[PDB]
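**Q** Take this structure first; my questions come after.
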Amino acid sequence: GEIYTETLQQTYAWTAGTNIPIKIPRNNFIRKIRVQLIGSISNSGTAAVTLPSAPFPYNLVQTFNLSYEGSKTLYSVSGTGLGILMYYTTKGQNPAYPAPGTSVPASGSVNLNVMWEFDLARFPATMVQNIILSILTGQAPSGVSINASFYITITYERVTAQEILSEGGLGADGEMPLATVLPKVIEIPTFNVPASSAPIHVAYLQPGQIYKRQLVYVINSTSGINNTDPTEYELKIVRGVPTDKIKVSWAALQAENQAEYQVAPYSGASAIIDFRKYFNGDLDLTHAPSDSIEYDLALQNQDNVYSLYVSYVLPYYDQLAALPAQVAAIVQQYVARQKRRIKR
Amino acid sequence: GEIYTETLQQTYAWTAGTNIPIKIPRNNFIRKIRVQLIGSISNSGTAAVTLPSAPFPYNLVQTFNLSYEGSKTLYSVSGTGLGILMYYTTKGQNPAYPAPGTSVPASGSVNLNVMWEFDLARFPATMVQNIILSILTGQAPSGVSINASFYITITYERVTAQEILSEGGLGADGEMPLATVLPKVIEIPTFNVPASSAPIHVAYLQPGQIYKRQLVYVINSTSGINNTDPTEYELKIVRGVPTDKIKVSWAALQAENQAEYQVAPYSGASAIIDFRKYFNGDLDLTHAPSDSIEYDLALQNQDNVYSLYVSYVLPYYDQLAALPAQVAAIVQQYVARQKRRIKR
Amino acid sequence: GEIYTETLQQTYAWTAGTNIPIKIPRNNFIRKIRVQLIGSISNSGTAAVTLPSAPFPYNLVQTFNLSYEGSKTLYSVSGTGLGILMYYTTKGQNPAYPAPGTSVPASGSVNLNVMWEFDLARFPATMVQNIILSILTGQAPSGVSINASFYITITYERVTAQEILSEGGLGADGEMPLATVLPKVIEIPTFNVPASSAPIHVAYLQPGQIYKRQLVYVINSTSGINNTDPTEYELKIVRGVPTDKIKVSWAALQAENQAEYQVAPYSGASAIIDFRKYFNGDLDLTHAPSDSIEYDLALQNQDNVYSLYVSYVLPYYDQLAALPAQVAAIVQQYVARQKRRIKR
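Chains as they are written, first to last, in the deposited numbering: chain E, 2 to 345; chain O, 2 to 345; chain J, 2 to 345.
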């Protein structure tokens with residue numbers, strides 16, 4: 002339809018350790034919601050305070066939660082999570098000031114401007130209830146005070162009654178269009194995966210969604226997100242004959258990120274693995290039995306591994322599949338275009 | 002038919018760390034089996050010894066195991082498990098003397114009287130073999146000696162050949178009545194669920210049973226069962242669009258237990274979730290694919306989470322479903338009555 | 002076809018803590034690969050050094066890993082693992098000198114000769130790529146020096162293009178014969194299964210393969226592999242009505258190892274459970290939903306349980322099942338001969 006974008010007047014003061022729920026007007030369908038922590042970081046102290054290093058500024062918003070009807074979650078990542086994902090998918094060009102380790106002039110200040118982006122393909126926001134983006138902000142860097150607010154920029158696509166029919170009408174239960182592609186950006190953290198030389202089991206991908214790419218990064222208690230423990234990453238198909246789609250050394254996984262995202266590594270402890278390049282098209286597990294694909298890690302010391310997945314679900318995945326070769330050819334064309342929209 | 006109860010004359014001495022297997026005579030069908038630790042806790046020591054606190058006295062019977070045919074398990078819970086479930090389903094009026102922390106007078110003694118209850122709805126005990134309730138006793142509290150025994154009180158229901166046909170005769174393989182509802186009160190413990198503020202995945206409900214209610218409680222190494230780590234409980238439907246049936250704070254979950262069970266929380270670390278109120282009817286996973294519903298916990302420290310389920314299987318679940326709208330109407334009414342009989 | 006065996010000229014020096022990758026010539030199909038550490042254990046010190054006890058000498062080779070195409074694994078075991086599997090499947094007649102605890106004369110030496118055997122049924126080595134058996138040697142016993150090499154003895158079967166048509170031609174994608182039976186001897190280690198008298202859940206057998214037999218052994222930090230903690234073994238069908246295929250006490254499990262294998266127990270901490278005698282034929286989970294069968298352990302103390310499975314997969318398991326009752330009979334008879342060939 003008619004994509005069109007506007008910023009909501011209603012801003013939100015960033016306060017430390019608070020939960021600020023945002024209502025996303027449900028005008029048309031929603032394509033993307035951008036969020037910006039824009040303000041400044043003030044130092045009133047006598048000595049110029051150096052801002053914490055990465056993930057800062059990203060961790061100024063400790064967590065994110067975009068869901069509808071309050072129960073169905075579209076997004077569930079941390080400011081550190083979505084932030085790092087943003088850092089890659091935009092050639093590290095995503096607004097993120099100040100940079101880690103910047104000094105706030107003594108009894109003066111700096112500029113704050115961080116951003117996130119939730120890609121909802123073409124979410125049927127008017128047919129649903131309450132799209133509530135809950136931002137549970139984190140802590141004010143030590144010694145400085147964050148003086149910002151959030152700016153919600155939503156991109157609607159004016160889908161009409163007709164156009165909906167042109168892609169397969171409504172679902173089985175008719176609650177979203179048949180060609181709906183709900184983004185499922187979840188992040189499941191694993192705790193205390195042990196130090197090893199041989200990639201040890203980290204976690205299985207649970208079925209029920211098609212994986213596009215996965216953002217894995219480790220967190221040392223000492224160096225935080227600035228360590229170099231992950232050395233051996235590994236995507237193992239466990240079901241069937243044990244097969245390895247990936248058995249790449251950490252350096253080299255960050256390597257495909259050089260060619261892939263044309264951007265220096267976010268830190269020694271992060272990377273992205275595009276399933277589209279290790280399978281044919283996307284890694285789908287809508288119907289594979291669970292604990293059939295796990296990803297491993299050989300960590301230098303023993304730490305915490307966070308796995309952010311940019312996956313998506315097709316709420317009528319069966320009717321799209323149970324459609325005539327005629328209709329299916331056209332419906333697949335919309336679902337096909339929608340899935341590629343949800344990059345970051 | 003004609004429910005009727007009797008105690009079995011042959012008793013069993015409570016000896017520490019032993020497995021005392023019990024034969025439950027198969028006279029008629031079995032509705033419920035009560036077990037009682039009855040005697041006293043003697044102190045022969047010079048100074049008055051204080052009894053360990055909750056889960057005691059319950060844990061004096063480390064584990065319970067009621068099964069038939071040596072293979073099929075109707076129960077598998079610990080006295081701490083089944084004991085806590087008992088504490089709720091009866092407004093905390095379940096016999097458990099002495100209370101936690103009670104003193105055994107120096108060179109005198111106290112009274113021991115604890116009870117458990119396995120509800121087998123209307124288990125066809127005459128058509129199966131060997132209903133052996135194995136009680137694997139725990140450890141005698143320090144400073145005192147447990148001087149009791151177990152009394153098995155069995156509740157039979159004189160189901161007649163006639164009456165059995167009146168609910169759909171026998172199963173497919175004719176080993177139990179078509180309308181059998183075998184209780185499956187199992188308890189699956191999880192270890193080291195890590196400390197976090199956002200509920201982290203704890204364990205999935207495995208399909209193959211209809212869940213009536215779930216009893217979750219954490220075990221700190223220091224405070225035992227008397228801590229307050231469980232802060233955020235969460236029942237998540239993982240398969241498909243991520244949906245939340247429960248996303249309630251611990252305090253609030255213990256709140257519904259106040260109105261629900263009209264009883265004080267058993268400890269800062271326990272609670273109960275009734276599936277009939279978060280789903281429509283009981284949460285069935287007889288045929289749902291694996292890892293589709295998990296329950297989480299936000300724990301203050303890192304401990305062990307014990308999950309006891311009051312679930313039940315329908316051994317001919319298919320013939321019940323493949324029965325005429327004519328017959329199914331009557332049979333379902335029998336199965337419906339039986340499912341509620343298995344409360345505690 | 003034409004079985005024929007030979008040793009490869011090229012041996013490999015045993016060095017402590019090294020990975021020695023071996024290329025296995027793909028002349029014909031490969032039936033079994035023997036590996037032998039042959040040399041001596043020299044003591045150059047003044048006092049006669051007594052060699053470490055079980056698992057030595059087996060553990061001189063920390064782990065084994067036979068896979069083809071760098072991503073598909075046929076074996077993934079530890080020398081201690083595959084080694085014990087060897088101790089049983091050959092009536093404890095498998096070559097292992099010197100025995101545990103043997104004395105190497107002060108400034109003299111003893112004789113080394115240990116063996117492993119990888120059963121690949123009739124692996125299509127000519128149709129796959131790069132069969133590399135990677136041997137990650139362990140550590141040289143303290144005080145003595147291992148002076149051996151590895152000897153690769155491969156048994157090829159002159160399977161012909163003709164004969165392959167005679168068992169169902171090729172697979173679906175045509176990469177191996179339709180009636181291929183790839184061995185999948187993997188070994189899954191579990192850590193810190195808590196001390197209990199009631200068998201507590203240890204780990205599930207994941208689907209996607211037919212289990213022939215499983216070798217379980219515990220490792221105390223004190224007695225190494227020579228403890229007596231495993232007391233109660235137990236194979237539970239978790240999906241459906243809870244059922245127990247095995248609930249045999251440890252003593253008794255080693256008992257069936259007496260009659261079954263006609264050999265004394267490898268140590269107080271080991272055993273073998275053959276699925277063929279607890280199901281009808283092999284325990285197949287190519288299609289059972291996951292976490293449907295787990296095995297338990299009542300451990301005296303809290304230790305590490307290593308579970309080595311002698312399982313195998315049918316790469317085109319579906320065309321074997323979708324074959325005419327005509328052909329299925331003949332193809333099945335080939336698959337069957339192959340399935341029993343992978344004993345050790």
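Ideal Cβ positions, reconstructed from N, Cα and C, are used throughout, including at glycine.
Going along chain J, which residues have a C-beta under 7 Å from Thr-244/E?
**A** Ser-72 and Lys-73
**Q** For a contact meaning CB atoms closer than 7 Å, what does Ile-187/E contact in chain O?
**A** Neighbours of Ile-187/E on chain O, chain order: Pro-243.
**Q** Distance cutoff 8 Å, beta carbons only. Does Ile-85/O sit that close to anything in chain E?
**A** no
**Q** Please report the straight-line C-alpha distance between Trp-251/O and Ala-199/O, rounded to a whole angstrom.
**A** Distance between the alpha carbons of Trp-251/O and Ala-199/O: 12 Å.
**Q** Whose Cβ in chain J lies nearer than 8 Å to the Cβ of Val-194/O?
**A** Within chain J, no residue comes near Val-194/O; the closest Cβ sits about 14 Å away, beyond 8 Å.
**Q** Kindly indicate if chain E contains any beta-carbon less than 8 Å away from that of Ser-77/J.
**A** yes
**Q** What are the uninterrupted segments assigned as beta strand (DSSP E) that are 3 or more residues long and contained completely in the stretch 59 to 103 of chain J, given in chain order?
**A** Taking only runs of at least 3 residues, the beta strand (DSSP E) segments lying wholly in the stretch 59 to 103 of chain J are 64 to 69 and 76 to 79.
**Q** Quick one: residues in its chain with C-beta nearer than 6 Å to the C-beta of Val-264/J, no 5 flanking neighbours on either side, listed in chain order?
**A** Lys-92 and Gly-93
**Q** Let me make sure I understand the geometry here. Which of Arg-35/J, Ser-293/J and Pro-58/J has the alpha-carbon closest to that of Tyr-205/J?
**A** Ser-293/J
**Q** From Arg-342/O to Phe-119/O, what distance separates their C-alpha atoms?
**A** 11 Å
**Q** If you draw a straight line from the C-alpha of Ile-211/E to the C-alpha of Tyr-98/J, how long is it?
**A** 53 Å
**Q** Since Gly-18/O meets chain J, which of its residues come closer than 8 Å, beta carbon to beta carbon?
**A** Under the 8 Å cutoff, chain J gives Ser-198.
**Q** Just reading off the alpha helix (DSSP H) that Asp-319/O is part of, what are its end residues?
**A** 318 to 322
**Q** Could you pull the start and end residues of the beta strand (DSSP E) that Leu-113/E belongs to?
**A** 110 to 124
**Q** Between the stretch 227 to 240 of chain O and the stretch 182 to 191 of chain O, are three or more C-beta pairs nearer than 8 Å?
**A** no
**Q** Select from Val-203/E, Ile-274/E and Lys-213/E the residue whose C-alpha is nearest the C-alpha of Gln-259/E.
**A** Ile-274/E
**Q** When the Cα atoms are used, what is the spatial distance from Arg-338/O to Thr-161/O?
**A** If I take the Cα positions, the gap works out to 17 Å.
**Q** Does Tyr-310/O come out as helix, strand or coil in the three-state DSSP assignment?
**A** strand
**Q** For a cutoff of 8 Å on Cβ pairs, would you count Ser-291/J as touching chain O?
**A** yes
**Q** If the criterion is Cβ atoms closer than 8 Å, does the pair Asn-131/E and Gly-71/E meet it?
**A** yes
**Q** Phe-30/E by DSSP, collapsed to three states: which one?
**A** Note: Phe-30/E maps to strand in three-state DSSP.
**Q** Identify the continuous beta strand (DSSP E) that holds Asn-20/E and give its terminal residues.
**A** 20 to 24
**Q** Considering only the beta carbon of each residue, do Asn-44/E and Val-115/E sit closer than 8 Å?
**A** no
**Q** Hey, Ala-14/J and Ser-110/J: beta-carbon distance below 8 Å or not?
**A** For the 8 Å CB-CB criterion, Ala-14/J and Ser-110/J do not form a contact.
**Q** Which residues, in chain order, does the stretch 127 to 149 of chain O contribute to contact with chain E at a C-beta distance below 7 Å?
**A** none
**Q** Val-194/O lies in the beta strand (DSSP E); which residues open and close that run?
**A** 183 to 194
**Q** Who are the Cβ neighbours of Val-311/E in its own chain at under 6 Å, not counting the five residues just before and after it?
**A** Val-186, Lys-213 and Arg-214
**Q** What does the Cβ neighbour count give for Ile-4/E, buried or exposed, with the cut at 16 atoms within 10 Å?
**A** exposed
**Q** Please state if the CB of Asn-60/O and the CB of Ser-135/O are separated by a distance shorter than 8 Å.
**A** no
**Q** Quick one: Cα of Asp-174/E to Cα of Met-128/E, how far?
**A** Between the alpha carbons of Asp-174/E and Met-128/E lies a distance of about 12 Å.
**Q** Can you look up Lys-340/J in the DSSP assignment and give me helix, strand or coil?
**A** helix
**Q** Let me know the secondary structure DSSP gives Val-249/E once reduced to three states.
**A** coil
**Q** If you check the beta carbons only, do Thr-138/J and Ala-17/J fall under 8 Å apart?
**A** Closer than 8 Å, so yes.
**Q** Going straight from the alpha carbon of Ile-34/E to that of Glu-158/E, what length do you get?
**A** Looking at the two C-alpha atoms, the distance is approximately 12 Å.
**Q** Hey, how far is the Cα of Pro-96/J from the Cα of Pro-266/J?
**A** 16 Å
**Q** Using CA atoms only, rank isn't needed, just tell me which of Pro-58/E, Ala-256/E, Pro-22/E and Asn-29/E is closest to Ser-68/E.
**A** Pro-22/E
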